file final-v9.cif (mmCIF, C-alpha atoms)
data_entry
loop_
_atom_site.label_atom_id
_atom_site.label_comp_id
_atom_site.auth_asym_id
_atom_site.auth_seq_id
_atom_site.Cartn_x
_atom_site.Cartn_y
_atom_site.Cartn_z
CA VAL A 4 208.47 215.63 -1.88
CA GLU A 5 207.19 218.35 0.47
CA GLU A 6 205.20 215.98 2.72
CA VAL A 7 208.38 214.01 3.50
CA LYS A 8 209.93 216.96 5.35
CA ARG A 9 206.97 217.23 7.73
CA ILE A 10 207.21 213.49 8.48
CA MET A 11 210.94 213.70 9.21
CA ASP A 12 210.65 216.88 11.30
CA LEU A 13 207.74 215.55 13.39
CA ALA A 14 209.33 212.14 14.04
CA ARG A 15 212.67 213.80 14.83
CA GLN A 16 211.07 216.17 17.33
CA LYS A 17 209.42 213.16 18.97
CA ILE A 18 212.72 211.33 19.48
CA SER A 19 214.07 214.65 20.82
CA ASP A 20 211.14 214.78 23.27
CA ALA A 21 211.75 211.17 24.33
CA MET A 22 215.45 211.96 24.79
CA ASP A 23 214.77 214.98 27.00
CA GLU A 24 212.18 213.07 29.05
CA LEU A 25 214.55 210.13 29.67
CA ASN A 26 217.41 212.24 31.19
CA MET A 27 219.97 211.29 28.58
CA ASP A 28 223.59 212.32 28.10
CA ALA A 29 223.80 215.83 26.65
CA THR A 30 226.57 214.90 24.20
CA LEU A 31 224.72 211.71 23.22
CA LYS A 32 221.56 213.77 22.65
CA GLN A 33 223.02 216.43 20.34
CA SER A 34 225.15 213.86 18.52
CA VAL A 35 221.90 212.06 17.65
CA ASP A 36 220.32 215.43 16.74
CA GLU A 37 223.02 215.82 14.08
CA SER A 38 222.61 212.15 13.14
CA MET A 39 218.97 212.75 12.21
CA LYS A 40 219.77 216.13 10.67
CA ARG A 41 221.54 213.81 8.22
CA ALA A 42 218.29 211.90 7.63
CA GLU A 43 216.43 215.20 7.16
CA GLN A 44 218.78 216.34 4.39
CA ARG A 45 218.91 212.87 2.83
CA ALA A 46 215.09 212.69 2.69
CA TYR A 47 215.02 215.77 0.46
CA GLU A 48 218.10 214.67 -1.52
CA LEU A 49 216.88 211.25 -2.71
CA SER A 50 213.40 212.42 -3.77
CA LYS A 51 212.54 213.33 -7.41
CA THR A 52 215.21 210.80 -8.51
CA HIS A 53 213.99 207.84 -6.48
CA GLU A 54 210.35 207.43 -5.54
CA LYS A 55 209.11 208.94 -2.28
CA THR A 56 208.73 205.62 -0.43
CA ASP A 57 212.22 204.50 -1.53
CA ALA A 58 213.69 207.80 -0.29
CA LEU A 59 211.91 207.42 3.07
CA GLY A 60 213.10 203.82 3.37
CA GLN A 61 216.74 204.64 2.71
CA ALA A 62 216.40 207.65 5.03
CA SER A 63 215.29 205.32 7.83
CA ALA A 64 217.96 202.74 6.94
CA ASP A 65 220.84 205.24 6.92
CA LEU A 66 219.33 206.75 10.09
CA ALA A 67 219.51 203.40 11.90
CA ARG A 68 222.99 202.42 10.65
CA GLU A 69 223.90 205.94 11.79
CA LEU A 70 222.29 205.44 15.20
CA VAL A 71 224.61 202.51 15.87
CA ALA A 72 227.53 204.97 15.27
CA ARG A 73 231.18 203.86 15.56
CA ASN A 74 232.44 203.93 19.18
CA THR A 75 229.40 204.00 21.48
CA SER A 76 229.01 202.31 24.85
CA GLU A 77 226.43 199.55 25.22
CA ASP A 78 224.25 201.52 27.66
CA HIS A 79 224.13 204.52 25.30
CA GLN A 80 223.04 202.32 22.37
CA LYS A 81 220.42 200.68 24.60
CA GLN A 82 219.30 204.21 25.53
CA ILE A 83 218.96 205.14 21.83
CA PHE A 84 216.78 202.04 21.43
CA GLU A 85 214.76 203.09 24.50
CA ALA A 86 214.27 206.59 23.07
CA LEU A 87 213.05 205.20 19.74
CA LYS A 88 210.70 202.74 21.49
CA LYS A 89 209.25 205.43 23.78
CA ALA A 90 208.84 207.87 20.87
CA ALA A 91 206.89 205.20 18.97
CA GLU A 92 204.87 204.40 22.12
CA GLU A 93 203.84 208.04 22.48
CA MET A 94 203.21 208.28 18.72
CA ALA A 95 200.65 205.50 19.31
CA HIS A 96 198.66 208.00 21.44
CA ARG A 97 197.37 209.94 18.40
CA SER A 100 195.99 211.75 12.13
CA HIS A 101 197.62 210.24 9.04
CA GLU A 102 200.75 212.09 10.19
CA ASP A 103 200.91 209.95 13.35
CA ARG A 104 200.55 206.53 11.70
CA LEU A 105 203.15 207.04 8.96
CA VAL A 106 205.59 208.62 11.43
CA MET A 107 205.16 205.88 14.06
CA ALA A 108 205.93 203.26 11.41
CA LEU A 109 209.08 205.20 10.50
CA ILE A 110 210.53 205.10 14.03
CA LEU A 111 209.49 201.44 14.31
CA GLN A 112 211.28 200.58 11.05
CA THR A 113 214.35 202.54 12.21
CA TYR A 114 214.25 200.98 15.69
CA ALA A 115 213.94 197.48 14.19
CA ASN A 116 216.76 198.23 11.74
CA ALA A 117 218.98 199.73 14.44
CA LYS A 118 218.47 196.86 16.90
CA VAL A 119 219.59 194.21 14.41
CA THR A 120 222.57 196.18 13.03
CA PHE A 121 223.89 196.73 16.56
CA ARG A 122 223.75 193.01 17.35
CA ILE A 123 225.45 192.10 14.06
CA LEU A 124 228.35 194.46 14.78
CA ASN A 125 228.62 193.59 18.49
CA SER A 126 228.59 189.83 17.82
CA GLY A 127 231.70 190.07 15.64
CA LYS A 128 233.62 191.88 18.39
CA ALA A 129 233.05 189.07 20.90
CA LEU A 130 233.44 186.21 18.40
CA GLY A 131 236.48 187.71 16.67
CA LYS A 132 234.54 188.05 13.41
CA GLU A 133 234.31 191.84 13.07
CA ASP A 134 234.93 191.49 9.31
CA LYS A 138 230.11 193.14 6.91
CA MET A 139 226.70 191.46 6.91
CA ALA A 140 225.10 194.53 8.53
CA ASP A 141 225.71 196.64 5.41
CA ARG A 142 223.43 194.48 3.26
CA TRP A 143 220.80 194.41 6.02
CA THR A 144 220.58 198.20 5.75
CA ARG A 145 219.64 197.88 2.07
CA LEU A 146 217.25 194.98 2.71
CA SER A 147 215.51 196.93 5.47
CA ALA A 148 215.53 200.00 3.21
CA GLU A 149 213.35 197.92 0.90
CA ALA A 150 211.32 196.75 3.91
CA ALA A 151 210.80 200.26 5.32
CA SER A 152 209.40 201.52 2.01
CA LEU A 153 206.98 198.58 1.94
CA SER A 154 205.65 199.41 5.42
CA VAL A 155 205.39 203.09 4.46
CA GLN A 156 203.47 202.13 1.31
CA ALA A 157 201.18 199.84 3.32
CA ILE A 158 200.24 202.76 5.57
CA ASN A 159 200.08 204.96 2.45
CA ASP A 160 197.30 202.61 1.28
CA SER A 161 195.33 203.11 4.53
CA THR A 162 193.10 205.78 2.94
CA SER A 163 191.27 203.11 0.91
CA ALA A 164 189.26 200.00 1.77
CA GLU A 165 189.58 197.88 -1.40
CA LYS A 166 193.31 198.51 -1.76
CA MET A 167 193.55 197.14 1.78
CA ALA A 168 191.77 193.87 0.96
CA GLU A 169 193.59 193.50 -2.37
CA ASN A 170 197.01 194.06 -0.78
CA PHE A 171 196.14 191.73 2.11
CA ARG A 172 195.03 188.88 -0.16
CA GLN A 173 198.06 189.47 -2.42
CA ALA A 174 200.51 189.37 0.49
CA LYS A 175 198.85 186.37 2.17
CA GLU A 176 198.92 184.38 -1.08
CA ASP A 177 202.51 185.49 -1.76
CA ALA A 178 203.74 184.49 1.71
CA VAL A 179 202.03 181.08 1.64
CA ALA A 180 203.27 180.42 -1.91
CA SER A 181 206.83 181.55 -1.08
CA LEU A 182 207.11 179.26 1.93
CA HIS A 183 205.63 176.38 -0.11
CA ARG A 184 208.09 177.10 -2.92
CA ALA A 185 211.04 176.92 -0.51
CA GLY A 186 209.86 173.61 0.95
CA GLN A 187 208.35 174.87 4.22
CA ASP A 188 204.85 173.40 4.06
CA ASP A 189 204.31 173.57 7.81
CA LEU A 190 205.42 177.20 8.12
CA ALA A 191 203.29 178.18 5.11
CA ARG A 192 200.21 176.71 6.80
CA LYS A 193 201.01 178.49 10.08
CA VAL A 194 201.33 181.74 8.12
CA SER A 195 197.92 181.08 6.57
CA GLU A 196 196.48 180.52 10.06
CA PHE A 197 198.14 183.71 11.39
CA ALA A 198 196.78 185.75 8.48
CA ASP A 199 193.39 184.15 9.09
CA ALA A 200 193.13 185.20 12.76
CA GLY A 201 192.73 188.96 12.33
CA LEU A 202 195.09 190.91 14.56
CA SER A 203 195.00 188.29 17.35
CA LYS A 204 198.08 186.47 15.98
CA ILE A 205 200.20 189.51 15.09
CA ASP A 206 202.80 188.72 17.80
CA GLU A 207 203.60 185.23 16.47
CA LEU A 208 203.64 186.52 12.89
CA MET A 209 206.10 189.27 13.87
CA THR A 210 208.28 186.73 15.71
CA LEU A 211 208.36 184.53 12.60
CA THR A 212 208.92 187.58 10.37
CA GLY A 213 211.94 188.64 12.43
CA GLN A 214 213.47 185.15 12.56
CA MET A 215 213.05 184.79 8.80
CA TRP A 216 214.54 188.27 8.32
CA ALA A 217 217.67 187.05 10.08
CA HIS A 218 217.66 183.86 8.00
CA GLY A 219 217.13 185.56 4.64
CA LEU A 220 219.97 187.92 5.53
CA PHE A 221 222.43 185.08 6.21
CA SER A 222 221.30 182.90 3.28
CA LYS A 223 219.86 184.13 -0.02
CA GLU A 224 217.64 181.05 -0.40
CA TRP A 225 215.30 182.41 2.32
CA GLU A 226 215.18 185.95 0.88
CA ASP A 227 211.86 185.75 -0.98
CA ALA A 228 210.09 184.15 1.99
CA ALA A 229 211.38 186.91 4.29
CA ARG A 230 210.29 189.61 1.84
CA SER A 231 206.83 188.08 1.41
CA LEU A 232 206.40 187.76 5.18
CA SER A 233 207.43 191.42 5.40
CA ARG A 234 204.71 192.34 2.87
CA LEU A 235 202.04 190.45 4.82
CA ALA A 236 203.24 191.88 8.14
CA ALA A 237 203.37 195.43 6.75
CA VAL A 238 199.78 195.13 5.51
CA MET A 239 198.74 193.80 8.94
CA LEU A 240 200.52 196.62 10.80
CA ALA A 241 198.86 199.12 8.45
CA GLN A 242 195.55 197.60 9.55
CA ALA A 243 196.55 197.81 13.22
CA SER A 244 197.67 201.45 13.33
CA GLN A 245 194.28 202.84 12.22
CA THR A 246 193.19 202.75 15.90
CA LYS A 247 194.91 203.67 19.17
CA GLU A 248 195.58 200.38 20.97
CA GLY A 249 196.22 198.77 17.60
CA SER A 250 199.04 201.27 17.19
CA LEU A 251 200.21 200.21 20.67
CA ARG A 252 199.94 196.53 19.73
CA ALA A 253 201.85 197.41 16.55
CA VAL A 254 204.63 198.98 18.62
CA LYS A 255 204.87 195.87 20.82
CA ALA A 256 204.76 193.58 17.77
CA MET A 257 207.49 195.56 16.00
CA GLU A 258 209.58 195.23 19.17
CA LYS A 259 208.93 191.48 19.03
CA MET A 260 210.13 191.32 15.42
CA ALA A 261 213.25 193.39 16.18
CA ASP A 262 214.20 191.28 19.20
CA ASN A 263 213.66 187.94 17.48
CA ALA A 264 215.50 189.08 14.35
CA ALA A 265 218.42 190.24 16.49
CA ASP A 266 218.46 187.01 18.53
CA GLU A 267 218.44 184.86 15.40
CA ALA A 268 221.12 187.13 13.90
CA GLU A 269 223.34 186.45 16.93
CA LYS A 270 222.62 182.71 16.75
CA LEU A 271 223.45 182.70 13.04
CA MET A 272 226.68 184.71 13.46
CA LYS A 273 228.01 182.20 15.98
CA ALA A 274 227.24 179.20 13.76
CA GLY A 275 229.75 178.21 11.10
CA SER A 276 229.60 181.24 8.80
CA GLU A 277 233.14 180.38 7.66
CA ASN A 278 233.36 180.02 3.88
CA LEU A 279 236.14 178.28 1.95
CA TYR A 280 238.79 179.61 -0.42
#

call {"tool": "encode", "arguments": {"input": "final-v9.cif", "output": "structure tokens"}}
result
Amino acid sequence: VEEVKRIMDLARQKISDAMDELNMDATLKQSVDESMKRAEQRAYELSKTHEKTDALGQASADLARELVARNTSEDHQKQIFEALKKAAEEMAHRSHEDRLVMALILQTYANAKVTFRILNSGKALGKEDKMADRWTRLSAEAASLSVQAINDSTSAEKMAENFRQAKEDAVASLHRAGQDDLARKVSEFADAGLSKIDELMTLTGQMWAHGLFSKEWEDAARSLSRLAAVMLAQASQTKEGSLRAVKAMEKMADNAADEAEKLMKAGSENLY
């Protein structure tokens, strides 16, 4: 419970540093300082009742759904995304403190990018009436998985066991849902070391948007998240691998948001 506070304080000070370096709006800055004060207090509140990884995941999820806020201009939200991306980029320049923290901003940045596009798509399309709230809980599960994957980075057999488990699970899940081709591409991606992490993160994001909008793709999206989280835990052990992880997480966030927009403007009209 005590190690969570150091993670939240360090990551928070890094987004504060990125905010000051970027010449941001003073009101926008201190509003976000209070917004992650909320995540600081919530990190301590949810522990000892929920597990530590679950508390960190919901802290990041509420932090991102917070970072969208209520009435914020598009440039300010883009600037929040820029501050998170730059803070992760500079967190790639370093301890076990750095790797777990950098994943936490990346999970929050990925969560915040997709939530903002879900909410903004309804305003243009006239469908402001709801899917973003579930995505917060789904990414709360996802953020704890990525935290746990980097929590496993101290070992070397837990790494191989988790990697083989997640590769088998992702291939089996896509086979089980009738996607034989995609299952074989996921096997190839998992077979190519870290050289195919960009395409795997693109596919992971697109399936995150599809498992959000339809429950029949949920297990495939979760299994792809497990495989991707293991891979990113392998990447962040080094310096440029942390940088490649930052770029790959950006890839996942952008593709998940693009597929979320495409799915919102396609016939999501049910029937009474």

call {"tool": "residues_around", "arguments": {"input": "final-v9.cif", "residues": "residue A:218", "least_positions_apart": "6", "cutoff": "8 Å", "atoms": "all atoms listed in the file", "output": "ChimeraX atom specification"}}
result
/A:225-226,229,267-268,271

call {"tool": "closest_residue", "arguments": {"input": "final-v9.cif", "among": "A:53, A:132, A:17, A:45", "to": "residue A:273", "atoms": "all atoms listed in the file"}}
result
A:132

call {"tool": "resolve_selection", "arguments": {"input": "final-v9.cif", "expression": "the PyMOL selection byres ((chain A and resi 10-14) around 9)", "output": "PDB file with C-alpha atoms, in the frame of the given file"}}
result
ATOM      1  CA  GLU A   6     205.200 215.980   2.720  1.00  0.00           C
ATOM      2  CA  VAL A   7     208.380 214.010   3.500  1.00  0.00           C
ATOM      3  CA  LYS A   8     209.930 216.960   5.350  1.00  0.00           C
ATOM      4  CA  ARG A   9     206.970 217.230   7.730  1.00  0.00           C
ATOM      5  CA  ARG A  15     212.670 213.800  14.830  1.00  0.00           C
ATOM      6  CA  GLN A  16     211.070 216.170  17.330  1.00  0.00           C
ATOM      7  CA  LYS A  17     209.420 213.160  18.970  1.00  0.00           C
ATOM      8  CA  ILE A  18     212.720 211.330  19.480  1.00  0.00           C
ATOM      9  CA  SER A  19     214.070 214.650  20.820  1.00  0.00           C
ATOM     10  CA  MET A  39     218.970 212.750  12.210  1.00  0.00           C
ATOM     11  CA  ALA A  42     218.290 211.900   7.630  1.00  0.00           C
ATOM     12  CA  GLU A  43     216.430 215.200   7.160  1.00  0.00           C
ATOM     13  CA  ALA A  46     215.090 212.690   2.690  1.00  0.00           C
ATOM     14  CA  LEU A  59     211.910 207.420   3.070  1.00  0.00           C
ATOM     15  CA  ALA A  90     208.840 207.870  20.870  1.00  0.00           C
ATOM     16  CA  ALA A  91     206.890 205.200  18.970  1.00  0.00           C
ATOM     17  CA  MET A  94     203.210 208.280  18.720  1.00  0.00           C
ATOM     18  CA  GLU A 102     200.750 212.090  10.190  1.00  0.00           C
ATOM     19  CA  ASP A 103     200.910 209.950  13.350  1.00  0.00           C
ATOM     20  CA  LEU A 105     203.150 207.040   8.960  1.00  0.00           C
ATOM     21  CA  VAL A 106     205.590 208.620  11.430  1.00  0.00           C
ATOM     22  CA  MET A 107     205.160 205.880  14.060  1.00  0.00           C
ATOM     23  CA  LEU A 109     209.080 205.200  10.500  1.00  0.00           C
ATOM     24  CA  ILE A 110     210.530 205.100  14.030  1.00  0.00           C
TER      25      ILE A 110
END

call {"tool": "closest_residue", "arguments": {"input": "final-v9.cif", "among": "A:69, A:176, A:207, A:85", "to": "residue A:195", "atoms": "all atoms listed in the file"}}
result
A:176

call {"tool": "resolve_selection", "arguments": {"input": "final-v9.cif", "expression": "the PyMOL selection byres ((chain A and resi 138-152) around 7)", "output": "PyMOL selection string"}}
result
chain A and resi 56-57+59-61+64+68+112+116+120+123+134+153-156+220+233

call {"tool": "atom_distance", "arguments": {"input": "final-v9.cif", "atom1": "atom CA of residue A:117", "atom2": "atom CA of residue A:221"}}
result
17.2 Å

call {"tool": "closest_residue", "arguments": {"input": "final-v9.cif", "among": "A:49, A:217, A:108, A:194", "to": "residue A:158", "atoms": "all atoms listed in the file"}}
result
A:108

call {"tool": "residues_around", "arguments": {"input": "final-v9.cif", "residues": "residue A:51", "least_positions_apart": "4", "cutoff": "9 Å", "atoms": "all atoms listed in the file", "output": "number ranges by chain"}}
result
A: 4, 47, 55

call {"tool": "closest_residue", "arguments": {"input": "final-v9.cif", "among": "A:183, A:172, A:32, A:255", "to": "residue A:238", "atoms": "all atoms listed in the file"}}
result
A:172

call {"tool": "resolve_selection", "arguments": {"input": "final-v9.cif", "expression": "the PyMOL selection byres ((chain A and resi 258) around 9)", "output": "PyMOL selection string"}}
result
chain A and resi 88+111+114-115+209+253-257+259-263

call {"tool": "atom_distance", "arguments": {"input": "final-v9.cif", "atom1": "atom CA of residue A:242", "atom2": "atom CA of residue A:202"}}
result
8.4 Å

call {"tool": "closest_residue", "arguments": {"input": "final-v9.cif", "among": "A:173, A:168, A:162, A:87", "to": "residue A:22", "atoms": "only C-alpha atoms"}}
result
A:87

call {"tool": "residues_around", "arguments": {"input": "final-v9.cif", "residues": "residue A:77", "least_positions_apart": "3", "cutoff": "12 Å", "atoms": "all atoms listed in the file", "output": "list in words"}}
result
residues 71, 72, 73, 74, 80, 81, 82, 83, 84, 118, 121, 122, 124 and 125 of chain A

call {"tool": "closest_residue", "arguments": {"input": "final-v9.cif", "among": "A:206, A:78, A:54, A:227", "to": "residue A:179", "atoms": "only C-alpha atoms"}}
result
A:227

call {"tool": "atom_distance", "arguments": {"input": "final-v9.cif", "atom1": "atom CA of residue A:272", "atom2": "atom CA of residue A:66"}}
result
23.5 Å
